[PDB]
Amino acid sequence: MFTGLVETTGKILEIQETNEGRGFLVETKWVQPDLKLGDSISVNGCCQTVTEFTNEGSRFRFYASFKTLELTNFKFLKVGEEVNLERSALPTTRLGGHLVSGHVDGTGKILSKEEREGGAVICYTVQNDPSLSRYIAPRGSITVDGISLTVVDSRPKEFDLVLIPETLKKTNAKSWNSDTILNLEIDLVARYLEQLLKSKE
Amino acid sequence: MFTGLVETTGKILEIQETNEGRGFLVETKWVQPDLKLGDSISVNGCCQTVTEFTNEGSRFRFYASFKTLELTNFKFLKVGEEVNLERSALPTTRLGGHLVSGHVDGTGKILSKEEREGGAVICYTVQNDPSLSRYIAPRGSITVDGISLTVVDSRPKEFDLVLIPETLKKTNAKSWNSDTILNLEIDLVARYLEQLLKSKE
Amino acid sequence: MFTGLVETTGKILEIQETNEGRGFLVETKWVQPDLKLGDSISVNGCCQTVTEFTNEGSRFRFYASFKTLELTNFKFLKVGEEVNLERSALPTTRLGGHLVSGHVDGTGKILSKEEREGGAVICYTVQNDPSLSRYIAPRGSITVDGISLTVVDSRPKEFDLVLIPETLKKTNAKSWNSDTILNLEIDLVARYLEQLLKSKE
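Set out below in structure tokens:
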């Protein structure tokens, strides 16, 4: 369970191919580093489980199945690459952010960029499998490389985003260009709503 | 209040039957054992209250009402069963599962088992009361014997699961077979959403 | 925060009218008092701050605004009334109820009591402003006079509760009858979910 509000980023240091997937070592500076062997982390919007930590979390390793490699943008991660981090949410009477599973529903490539109001707002357009189009509502939410964002408009086969760079500098969004590929988690809320309707007949 | 993230398991040592229902003695190794008389614990997804503890919880007793016997799989617990444990969350508890009440909604029988990728994923199908079908969204969450899980697909009156072996070995799931009954808690989120719609129309 | 798990109760000893509201003196013996000038406390589900303490904690005073008098059942408190107490959580407090702000949303009148299965379950029905109906989901949570409880069934007018006598003896619920006024804190979760929905409209 996550809010899709990225705490910080980390640098991929190391990658071991193995007979059942890829083995990532990552470095970062957490606020109040609490990492425990086992606890969950949304790496670019993708929940991964901690198999080791090397400095009460300052470094930590996780392991991605061949499947998580085909499901997500993880296939393309290179040593050194900056990555979005969010630990599972804590109990708090102040609930903020969105409802984020950290379960990638497929991927999307950047089609267009634009800088309206002279670099106050960045206008991305992103390709989506049309099976997802149903879950992607204008003025609705979505979680892109683990960054919770509001869809501005959606078409079949694409949708539009706008960002304040008060997100772009504090995340991996800095290095979004060309088509450089994004993990998409559609709004769970939508999935649940849809299910309540189906079950009425 | 729980996150459906199993801390450890414990061995049922002993079973009484009394004016306060059948009486379970359990042994386990907690990290930082904090057990107080009256604290809550989700025993295979079922909140139970501590009536006694030794060595601050290394062993502890609780009592299940004849009602919680009718509500849950507790009738089928045998001495020496390993069972799934989770203490109520702390303010410093990563909510690595989702929102879990520890209030069993219903039970479910395993219909099918299957070992894809040579036994690297176990593929369960599980029967549910159709009252619940509407709360069980594909790619949505659910709490099975207190284990927070993502539903893979759902039908009216059944749903599909897949387990990474790390989950199977770390929980009671290893011993899930045809004759197993499972405690089912549907996502609170769904129940709340449903209520906002009923009253918003 | 709080978890809507009542530690103990106290007896109102004294009530001073003041230029600001009513001034309550309360007594109790609770385990390991670290009660400090300033700490927060949910008095029948209502966060109040301690302005004084006597005899190493045994007694403590707090002050309720005319607003908290109109908002809550505090208007009805008489000298010698038993009151539900819960200290704000520490990092080592187990959250045995749910997520509780201690910020009263409304009050509710008891309509019906009933003692089914020979007095082993008490069946309360409670009137709520229909403003709240949408937050009150069957099999959902709620905080009634600071007691965390699961709603059994809910209508737009009313909702149903069921209680163990163990709860009634250990809280102020003993003194719930037809026409008792109760402090209602609806589940935050619902309020937050409602916000995710409204943003998609």
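Here the protein sequences come in this chain order: A, B and C.
Each step along the first sequence adds one to the number in the working numbering, with nothing skipped, and position 142 is 142.
With the second sequence counted from 1, adding 1000 to any position gets you the working numbering.
With the third sequence counted from 1, adding 2000 to any position gets you the working numbering.
Beta carbons are placed, not taken as given, at the ideal position from N, Cα and C, and that holds for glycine.
Let me know if residue 2080/C comes out buried or exposed under the rule of 16 or more other beta-carbons within 10 Å of its beta-carbon.
exposed
Whole-Å CB distance - residue 1041/B paired with residue 1087/B, under 8 Å assumed:
6 Å
Tell me the DSSP secondary structure of residue 2116/C in three-state form.
strand
Which residue comes first and which comes last in the beta strand (DSSP E) that contains residue 37/A?
Element bounds for residue 37/A: n/a, residue is neither H nor E.
Quick one: does residue 2189/C have its CB under 9 Å from some CB of chain A?
yes
State the DSSP-derived secondary structure class of residue 1191/B, mapped to helix, strand or coil.
helix
Cα-Cα separation between residue 159/A and residue 185/A, rounded to whole angstroms:
13 Å
Pairing CB atoms from the stretch 2128–2148 of chain C with CB atoms from the stretch 2018–2037 of chain C, are three or more of them under 8 Å?
no
With distance defined between alpha-carbon atoms, name the residue in 2191/C, 2083/C, 2024/C and 2054/C nearest to residue 2170/C.
2083/C
Contacts that residue 99/A makes with chain C (C-beta to C-beta distance below 7 Å)
2196
Between the stretch 1061–1076 of chain B and the stretch 1104–1120 of chain B, can you find at least three pairs of beta-carbon atoms closer than 8 Å?
yes
Sequence-distant residues of its chain with Cβ nearer than 6 Å to residue 23/A (five each side left out):
16 and 63
Residue 2092/C, buried or exposed, once every other Cβ within 10 Å from all chains shown has been counted against 16:
exposed
Quick one: residues in its chain with C-beta nearer than 6 Å to the C-beta of residue 43/A, no 5 flanking neighbours on either side, listed in chain order?
83
Taking 9 Å as the threshold (C-beta atoms), are residue 2103/C and residue 2047/C in contact?
yes
What whole-angstrom Cβ distance do residue 1037/B and residue 1026/B have, given they're in contact under 8 Å?
Residue 1037/B to residue 1026/B, Cβ: 15 Å. No contact.
By the 10 Å Cβ neighbour count, where 16 or more other Cβ atoms means buried, how is residue 144/A classified, buried or exposed?
buried
Run through chain B and tell me which residues come within less than 9 Å of residue 2072/C, C-beta to C-beta.
The contacting residues do not exist; residue 2072/C stays about 24 Å from chain B at best.
Can you check DSSP and say which residues form a bridge with residue 2026/C?
2012/C and 2060/C
Could you run through the stretch 1142–1175 of chain B and flag, in chain order, every residue whose CB is less than 9 Å away from some CB of chain C?
none
Report the CB separation of residue 1147/B from residue 1004/B in whole angstroms; it is logged as a contact under 8 Å.
6 Å
Indicate the three-state DSSP secondary structure (helix, strand or coil) for residue 1167/B in the structure shown.
helix
Tell me whether residue 28/A is buried or exposed, calling it buried when 16 or more other Cβ atoms sit within 10 Å of its Cβ.
buried
9 Å Cβ cutoff met for residue 140/A and residue 125/A:
no
Locate the alpha helix (DSSP H) running through residue 1005/B, then write down its first and last residues.
Element bounds for residue 1005/B: n/a, residue is neither H nor E.
Find the nearest neighbour of residue 112/A within the set 120/A, 176/A, 57/A and 76/A, judged by alpha-carbon distance.
176/A
Would you say residue 1093/B reaches chain A, if we count a Cβ-Cβ gap shorter than 9 Å as a contact?
yes
Tell me, which residues are paired with residue 1084/B by DSSP?
1009/B
Once the 5 residues before and after residue 1096/B are set aside, which same chain residues still bring their CB inside 7 Å of it?
1003 and 1005
Residue 152/A versus 166/A, 121/A, 173/A and 172/A, residue with shortest Cα-Cα distance:
121/A
Tell me which same chain residues have a C-beta within less than 7 Å of the C-beta of residue 2075/C, skipping the five on either side of it?
2069
Check the Cβ of residue 2199/C against every Cβ in chain A and list those closer than 9 Å, keeping chain order.
139, 140, 141 and 150
Would you verify that the beta carbon of residue 2210/C is, or is not, closer than 9 Å to some beta carbon of chain B?
Since the first residue shown for chain C is 2001 and the last is 2201, residue 2210/C is missing from the structure and cannot be characterised.
Whose C-alpha, out of 21/A, 56/A, 49/A and 168/A, is nearest the C-alpha of residue 1/A?
49/A
Do residue 2189/C and residue 1192/B count as a contact pair if the criterion is CB distance below 9 Å?
yes
Could you tell me whether the Cβ atoms of residue 1195/B and residue 2199/C are closer together than 9 Å?
no
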